[PDB]
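Presented below, as structure tokens, is a lone chain in the form deposited in one PDB entry.
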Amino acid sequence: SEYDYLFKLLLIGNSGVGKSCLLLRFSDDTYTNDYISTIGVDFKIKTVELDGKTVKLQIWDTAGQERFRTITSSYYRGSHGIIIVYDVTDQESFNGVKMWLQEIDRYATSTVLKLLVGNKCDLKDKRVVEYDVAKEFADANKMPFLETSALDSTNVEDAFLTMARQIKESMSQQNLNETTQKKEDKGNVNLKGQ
């Protein structure tokens, strides 16, 4: 139940690319074909072991707010890392990454870590975004790149682990200490506290 560091992660990207399925595959190890949920995923908590350190990840999902690009600015508050997802079968979803990058520049801290994920790599016949083009783009925008499949699990754990490592290894000691369990008391009030 105790942990070394706690990081806040976000998922972002166009509707339909598989963000919620990616999070459920990572958190619950489940995949539902033609996934549709009445109540959207809020966030999931998963503790991972990282170079002998216990890292608690609170990973936030969009609750569908991306559909018409209405992500609440509060979504980015206190984020350490952001995973930008597109769909390898959908060129527009890839083109949309440039816009999400601009949003991240606007609302997230200048030091936030970013990762590019091309999801649905199981759909080999329907791929249209070429790996080398996506990789060169990720390079040009300061982020690593993985292609994943929530459906068959390809690279899913590795995507979240890649991000947790980008953060833990990039962070100044001041920033890293503030994520420790001892430093979890931020001086805020617990409204559910008697």
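Only residues modelled in both forms are compared. Throughout, rigid core stands for the largest set of C-alpha atoms superposing within 1.5 Å between the two forms. We number the residues from 1 along the sequence you see.
Of the two stretches examined, 10-18 and 172-180, the record assigns the greater average C-alpha temperature factor to 172-180. Remark: stretch with higher mean C-alpha B factor among 139-147 and 62-70 is 139-147. Set against one another, the Cα B-factors of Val133, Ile39, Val48, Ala159 in the record reach their highest point at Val48. The PDB entry assigns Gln166 a C-alpha temperature factor belonging to the highest third of its chain's modelled residues.
The entry lists a Cα temperature factor for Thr154 that places it in the lowest third of the chain's modelled residues. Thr111: CA B factor in the highest third of modelled residues in this chain (values from the PDB entry).
As for the form deposited in another entry, it is not shown, yet the points below apply to it.
Residue showing a CA shift of 2 Å or more between the shown form and the other one (rigid core superposed; candidates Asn141, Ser153, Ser37, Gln58): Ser37.
When the rigid core is held fixed, the Cα atom of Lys126 travels less than 2 angstroms between the shown form and the other one.
Put the two forms on the same core and the Cα of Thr72 is off by 2 Å or more between the shown form and the other one.
In the other entry, the CA atoms of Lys114 and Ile39 come closer by at least 3 angstroms compared with the shown structure.
Inter-residue distance, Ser153 to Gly40 (Cα): increased by at least 3 Å in the other entry versus the depicted form. Residues present in both forms were considered; between the shown form and the other one, the rigid-core fit shows Cα displacements of 2 Å or more across three or more consecutive positions at 1-4, 34-41, 63-75.
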